[PDB]
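Visitor: Generate coordinates for the sequence data below:
(12 chains, ligands or ions: 5)
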Amino acid sequence: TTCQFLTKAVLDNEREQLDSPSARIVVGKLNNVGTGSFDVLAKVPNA
Amino acid sequence: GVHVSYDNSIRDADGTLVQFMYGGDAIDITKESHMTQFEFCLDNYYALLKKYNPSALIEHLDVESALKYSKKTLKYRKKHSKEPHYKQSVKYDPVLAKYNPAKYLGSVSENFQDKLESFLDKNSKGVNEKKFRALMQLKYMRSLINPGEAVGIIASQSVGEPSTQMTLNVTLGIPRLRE
Amino acid sequence: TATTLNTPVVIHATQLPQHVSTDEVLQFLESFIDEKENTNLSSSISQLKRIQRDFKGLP
Amino acid sequence: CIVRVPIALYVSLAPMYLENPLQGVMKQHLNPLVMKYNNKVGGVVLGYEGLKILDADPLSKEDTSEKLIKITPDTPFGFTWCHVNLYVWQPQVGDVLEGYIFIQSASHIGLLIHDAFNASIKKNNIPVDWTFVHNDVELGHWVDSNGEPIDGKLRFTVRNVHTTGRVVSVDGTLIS
Amino acid sequence: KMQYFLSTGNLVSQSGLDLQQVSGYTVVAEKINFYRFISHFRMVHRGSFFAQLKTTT
Amino acid sequence: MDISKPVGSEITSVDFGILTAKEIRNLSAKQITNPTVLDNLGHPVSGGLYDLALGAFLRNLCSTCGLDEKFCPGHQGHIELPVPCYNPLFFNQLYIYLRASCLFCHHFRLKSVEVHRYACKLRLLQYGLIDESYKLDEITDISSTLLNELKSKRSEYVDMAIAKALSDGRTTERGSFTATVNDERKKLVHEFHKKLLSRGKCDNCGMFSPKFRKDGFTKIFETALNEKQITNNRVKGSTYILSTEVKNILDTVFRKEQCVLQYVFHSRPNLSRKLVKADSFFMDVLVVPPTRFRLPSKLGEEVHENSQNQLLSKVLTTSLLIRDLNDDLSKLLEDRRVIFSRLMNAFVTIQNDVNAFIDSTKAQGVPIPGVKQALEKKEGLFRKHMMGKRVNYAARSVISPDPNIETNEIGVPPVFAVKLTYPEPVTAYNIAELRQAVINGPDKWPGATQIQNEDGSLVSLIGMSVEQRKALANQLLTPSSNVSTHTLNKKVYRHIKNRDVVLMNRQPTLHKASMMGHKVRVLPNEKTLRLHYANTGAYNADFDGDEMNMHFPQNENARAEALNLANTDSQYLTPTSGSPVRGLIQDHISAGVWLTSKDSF
Amino acid sequence: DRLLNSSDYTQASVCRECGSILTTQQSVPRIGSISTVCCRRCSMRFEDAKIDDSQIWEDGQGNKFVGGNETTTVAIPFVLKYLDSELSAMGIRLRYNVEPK
Amino acid sequence: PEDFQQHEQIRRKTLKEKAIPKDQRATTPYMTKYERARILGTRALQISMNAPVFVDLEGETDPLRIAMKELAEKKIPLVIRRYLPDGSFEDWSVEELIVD
Amino acid sequence: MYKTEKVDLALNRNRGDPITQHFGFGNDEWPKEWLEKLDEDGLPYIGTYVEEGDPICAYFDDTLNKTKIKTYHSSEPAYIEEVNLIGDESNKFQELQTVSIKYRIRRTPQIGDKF
DNA sequence: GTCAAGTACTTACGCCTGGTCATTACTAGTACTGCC
DNA sequence: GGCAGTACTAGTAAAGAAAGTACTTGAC
RNA sequence: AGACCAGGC
Ligand SMILES: Nc1nc2c(ncn2[C@@H]2O[C@H](COP(=O)(O)CP(=O)(O)OP(=O)(O)O)[C@@H](O)[C@H]2O)c(=O)[nH]1
Ligand SMILES: [Mg+2]
Ligand SMILES: [Zn+2]
Ligand SMILES: [Zn+2]
Ligand SMILES: [Zn+2]
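Guide: Residues are numbered from 1 along each chain as shown, chains lettered A, B, ... in the order given. Ligands and ions are numbered 1, 2, ... in the order given. Sure, the structure comes next:
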């Protein structure tokens, strides 16, 4: 029922934070489960 | 959406909480096979000590604090607990939901705590008694589930794939799981 | 040309611009030329010395 | 009319400058920026001064050398915020600019400003009471109300600033 | 209008006949094998109403 | 995807919103008006569904950005509907507010102190204040002196509770929206809408309104107010209503009750302070899609236009019908009757066109699929094209068993060791084995099929000769002739070698160990995959003609996870029970019964 | 790598202040100028808004008007661009607030 | 300028609130199977894009084998930012985390 | 394995508009590379070896003054077993526009074939 | 106000390969021919 | 020699045997 | 791109 959860989402003006894996594939984000549950920070030597 | 967090507390993608700890003990299914098989691991003690390597894995841990509180409650529960569950004024948390089980050596569940010390008292057998219970707890801590495991996929495939082994007066089988 | 390896992605202003004099320009050019040679921007560098020798010399 | 701007930018860093995070920002995003017009700054960038990389952890002091850059998940290039003081040259209307002659054409006085910046004074901005002698041998000189040949410097106002093309140019009028 | 019936299998009739289904009345006789070819002339289908149906009996 | 063309901007959130008719008169490229698509000799007619302002079309440059088919992304456009018409996605929620409101004072038919009680419980639910919203009910013919006093204390109780919790680290001014406050919000609105529709008389001015009727879609009716209760109308001292009439009612309702609908249509607090309007439920202006997304399906010469044009053609036909019907209003008693009865018939049919464009089931009429039905089910857009996609760099072939494979490998044919390829950027260590991989060519294994230059130039290798092919081998590790691309390096699309990583997969992918990651050992003879017997217990595969997929990953974040994380060595124990799935199956077990017997010497 | 990178990967220009995939579009440059990416919704017609020589751009129609140059590239799936096209036809507006502002 | 400065100083201060200090971090000291598969992965993308290599190359040409070699002698300059469900994080370097 | 496709040169027009495309070679500069696979009538030889890219049949078009060749759109190499000439049922006797052709393919039993 | 009888509405395993078929009536028009 | 009848032509217009909850209506 | 038909596991 994709356009019954579409009307209920726009009549709430709902702002979803793109957390579920089904919502991060629609918009192309990296999935939050597993390897994409953190970031990788490269240390650089100079300031 | 549900997955293990870094709190050892599995929860959904938005942040709502489903369990405070995975199965109450936070250990992976694919690693708890030989965990209660003590007489297997006793006979292979010198071979398992080469891969868990105790003295190289004390230095990033705390051995002192969790083993105390695991004896503060086991002394409490074995003296008490002739009475049923509604009578127990508990006075103590279970030792696994107070300290971090993946950092504090000795934070074990209350069946791995009993079945270790029961096996370590039903018989008496060169490896002594103290080098063995300091290796099962090193094995238990390393058998912790990793933070980030897709639990609810594994939990939906652990029901959905054996459900297709029924095909391919109480109600029974696959029409029961629909209800 | 004009990719994310040539240009900043987002660019803004920290604070409102305030004017400088000839001293702040010439103390810059005794340091910005100093900290550059001592790298194919030399077509911009030659146009810097036509401003460094503007306030000091003559074309 | 040189003015100073402190800016905040969001630039990328390449793995070949993972040993020198400072000059990697220089050779990609700052050195291809000098002597070009920039819309978000205001004029032509003369240079930069004092690059400082905003470190990702808020617990390390700004004295420390080992900073750290967030890596994009797809690509191995790191993105970071940085502070630097640009010195930019912005000409604005109403101001008076010294204009040093570069080309004597019969339709325009197309000159240089500070020996780098081109400028334009059209013939219709030049008033009608000035004349221009022809040049048959080989582009001569404009004759003002002084009756003298023009040479070099001129202090004139700003009519328009055209920046859309290759280099900057300053349109100047002669009414004041 | 008959060659359209044989080439498609669809049953275009303004008074829809006394049987349930409306499509799949003609099937390409293969001649991919003689066992395949003789099998088309003995096959009996119940209907396309009954295929799209979640019963067993 | 190119790993050397990075991106720096990330879409962090989305938020749904009504697209009003003012923006799509400004967003647009060109308003399109005639119900014809293309004239004789294939040209797109101007002002039509195919216009050069709406994007490029069939080897003809765009008139908005001036690009061809390869680069013009397509551009938006709108049409002008002369009547406001119902948006069928919002009709059932409109018919709640179409009813439940007095047609005289333009409030809802409840008392305004109880409608205010939902205007302040929902404000507490926008912030993370689920528990304080039940305390708010504990504040307690009747004059307006204490009703104004009751609304004052409730408004001060909410304003004390928000600023307390927002200062006591609990809720940001963006709100705190979780699942169990979405539970109580949906529980409250469905109690709010249930109680609005249960009203006899307006409790602000005590008289009736006639009952409405929803025949279906495309129509709206209000019934006859009876003779017993028009008496209460006289002591204050059946009919097809239009769509301009209903919009004019709800324009007044949302202004007299602006304080309540700001919290019904907002789950997080409205930081933008926009006004919820009655034009939201209507749509005075349709939006035609860009013409890239409705290109005609070419089948040799059998060219049929995409059927969204065929739905929008019927919208434009009625829209230019109904304007000429309004020309006869400018001409003008008998002629008054017949031209207005057909005008009122045309009011229905233009709604029936905008329904049929949006939803093919909300329009009476084999039918043409509307824009709802290109989203819904399997064969939709989410399930068929978002949750699961066709993929590049992948193969599928029948499997044959193979011993003498090291149990963590798959054996690829030469017909798969030539087509499939991997982007390797050249470095100071690759130029031995990747200079030789580019000399061998696209047909010699190990080989290469393309070179991507630094500049994005993609040089093929199929048509080249071997003497020309060695010249590009020496130009490979060269510095940049451009300042802009000095930090890049050439990518050689090499063939798949003995070190690459491969994701094998077999349907139905029931458990997670039916989709593993293997190494490759490239086999020389035939066109079938070679699987070892220990893997077939976990793929559930027999060799009676099973074929199974072969996905070949394209970057080093994905080679490092089918070797370490989706590795087939790490898939020894299935996580259902902890029991293993990998092991020798049929002949290697019956050999051990004879080999470990007492007879074997 | 399966569902995004090697199926329908695209880098599309996105407006920072709109948050809209299929609004911004190419500007038709002058002779000798470079072309820039520019937004339609947060623009304003030049006859309406009475300027600084660089925010002014032009279509291929000839309608020259000032506009918002607040746009940048975001790596999305291409079916997201088709999602907004069949969702703006419904009258729904998706808004894509990117992170670096 | 003045409006962007408030948008920056709110951004850098809330992100300072999310930073758990180095003594008060309470997650596991063992690098997980998921963190290893990306420390090897993201470093392997860097070496192929001409990063400086801190290990002696014994003729290995696969960049992922280089990153697997660099993990053995703790020569990888990457930091894991272990996010928490509240949004807060912990910063663990690779040399601090112990494997397996 | 015997495969058959129908080359039909009259898929475009209707009702007496003239035959714009003829079989055979015309008088443009068409390359001599496809005499090996084609006869003088623009039709292939019986028994030739045809893989992908080789021409199946040649035809001359009048609205372009050019000999376009159709090509073998299949990756599996085949031999040509027979070529039909299909006339039309009409009172006005017409130049041919329809040629049927039959391919044969050696399916020597590779591994992976189901027995 | 509360409880009904009846409606209206949504779901229904995964992947893969081949083939065929595809708008119809009619209506007004330009041209063909029989005719005086 | 030119008029009108038909036969065609290309032209542009209409197309009855599955299960759960939500829902308004409705007697009372 | 569909409608149907024939399959494969
Ligand atoms: N999800 C589905 N799986 C299928 C379907 N048809 C076949 N299969 C798969 O293919 C396999 C078919 O097995 P069979 O029907 O031949 C039963 P059989 O006793 O002949 O197996 P063997 O003993 O291995 O020969 C089985 O493992 C199924 O998982 C289907 O329609 N859906
Ligand atoms: Mg099988
Ligand atoms: Zn365009
Ligand atoms: Zn009223
Ligand atoms: Zn904008």
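Visitor: Pick out the residue of chain I closest to chain F.
Guide: In chain I, no residue comes nearer to chain F than residue I:112, which is 4.0 Å away by C-beta to the nearest C-beta. (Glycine included, C-beta is placed from N, CA and C.)
Visitor: wouldn't residue F:326 be in contact with residue F:82 here?
Guide: Yes. Judged on C-beta atoms under 8 Å, residue F:326 makes contact with residue F:82 at a distance of 7.3 Å.
Visitor: Was I right to think the residue of chain I closest to chain F contacts residue F:528?
Guide: Yes. Contact criterion C-beta under 8 Å: residue I:112 and residue F:528 qualify, at 4.0 Å.
Visitor: Give the intersection of the neighbour lists for the two.
Guide: Both residue I:112 and residue F:528 are in contact with F:397-398, F:400, where contact means C-beta atoms under 8 Å, 6 or more residues apart in numbering or on different chains.
Visitor: that older thread, for residue I:112 and residue F:528, indicate the residue with more neighbours.
Guide: Using other C-beta atoms under 10 Å in any protein chain shown, the more surrounded residue of residue I:112 and residue F:528 is residue F:528, with 23 against 17.
Visitor: Which secondary structure state is assigned to residue 30?
Guide: Looking at chain A here, since you left the chain open. coil (DSSP: H, G, I helix; E, B strand; the rest coil).
Visitor: if you could check chain G rather than the one you did, that'd help
Guide: Going by three-state DSSP: residue G:30 is coil.
Visitor: who touches the nearest residue to it once chain neighbours are set aside in this structure?
Guide: Nearest residue to residue G:30, sequence neighbours excluded (C-beta to C-beta, 6 or more residues apart in numbering or on different chains): residue D:164, at 6.2 Å. Listed by C-beta under 8 Å, 6+ apart, the contact set of residue D:164 reads G:30, G:33, G:53-54.
Visitor: Could you pull up the residues touching residue 23?
Guide: Went with chain A since none was named. Shown in contact with residue A:23 (C-beta under 8 Å, 6+ apart): A:16, A:29.
Visitor: oops, I was thinking of chain F
Guide: G:41, G:93.
Visitor: What does the nearest residue to residue I:23 once chain neighbours are set aside show for phi and psi?
Guide: Spatial nearest neighbour of residue I:23, excluding adjacent residues (C-beta to C-beta, 6+ apart): residue I:42 at 4.3 Å. The phi/psi pair for residue I:42 (degrees, to the nearest 10) reads phi 80, psi 10.
Visitor: and the residue of chain I closest to chain F, what is it in contact with?
Guide: Counting by C-beta under 8 Å, 6+ apart, residue I:112 touches F:397-398, F:400, F:526-528.
Visitor: Same check on residue I:70?
Guide: I:7, I:55-59.
Visitor: quick one: which of those is nearest to residue H:48?
Guide: Nearest to residue H:48 out of those is residue I:55 (C-beta to C-beta; 44.5 Å).
Visitor: just the helices in the chain please.
Guide: With no chain named, the answer covers chain A. Ranges of helices in chain A, per DSSP state H, are A:7-10, A:23-26.
Visitor: my bad, chain B
Guide: Under the criterion DSSP H, chain B carries helices at the ranges B:38-43, B:45-52, B:64-79, B:112-122, B:130-142, B:151-163, B:174-177.
Visitor: how far away is residue D:1 from RNA strand L?
Guide: Residue D:1 sits 61 Å away from RNA strand L, going by C-beta to the nearest atom of the strand, to the nearest Å.
Visitor: residues touching that residue, list them.
Guide: C:19, D:89-92, D:95, D:97.
Visitor: those helices in chain C, which residues are they?
Guide: With DSSP H, the ranges of helices along chain C come out as C:22-29, C:34-37, C:42-45, C:49-52.
Visitor: can you list the ones you listed in a markdown table and add distance to residue F:518 and mean neighbour count?
Guide: Shown next, in a markdown table, are the helices of chain C (distance: least, C-beta to C-beta, whole Å; neighbours: other C-beta atoms under 10 Å in any protein chain shown):
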| stretch | distance to residue F:518 | mean neighbour count |
| --- | --- | --- |
| helix C:22-29 | 61 | 15 |
| helix C:34-37 | 53 | 11 |
| helix C:42-45 | 53 | 14 |
| helix C:49-52 | 63 | 18 |
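Visitor: As TSV, those helices with distance to chain G would be great.
Guide: Shown next, in TSV, are the helices of chain C (distance: least, C-beta to the nearest C-beta, whole Å):
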stretch	distance to chain G
helix C:22-29	24
helix C:34-37	26
helix C:42-45	18
helix C:49-52	23
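Visitor: Find the nearest non-adjacent residue to residue F:536, please.
Guide: Distances taken as C-beta to C-beta, 6+ apart place residue F:585 nearest to residue F:536, at 6.8 Å, with adjacent residues excluded.
Visitor: can I assume that neighbour is in contact with residue F:537?
Guide: Yes. Shown here, residue F:585 and residue F:537 form a contact pair, counting by C-beta under 8 Å, at 6.5 Å.
Visitor: So the two - more neighbours on which side?
Guide: residue F:537 (16 against 11).
Visitor: wait, what's in contact with the more buried one?
Guide: Neighbouring residues of residue F:537 by C-beta under 8 Å, 6+ apart: F:581-583, F:585.
Visitor: and what of residue I:21?
Guide: Counting by C-beta under 8 Å, 6+ apart, residue I:21 touches I:9-10, I:59-62, I:97.
Visitor: Tell me the buried residues in the helix or strand containing residue D:112?
Guide: Per DSSP states H and E: residue D:112 is located in strand D:108-113. Of all the residues in strand D:108-113, those buried under the rule 16 or more other C-beta atoms under 10 Å in any protein chain shown are D:109-113.
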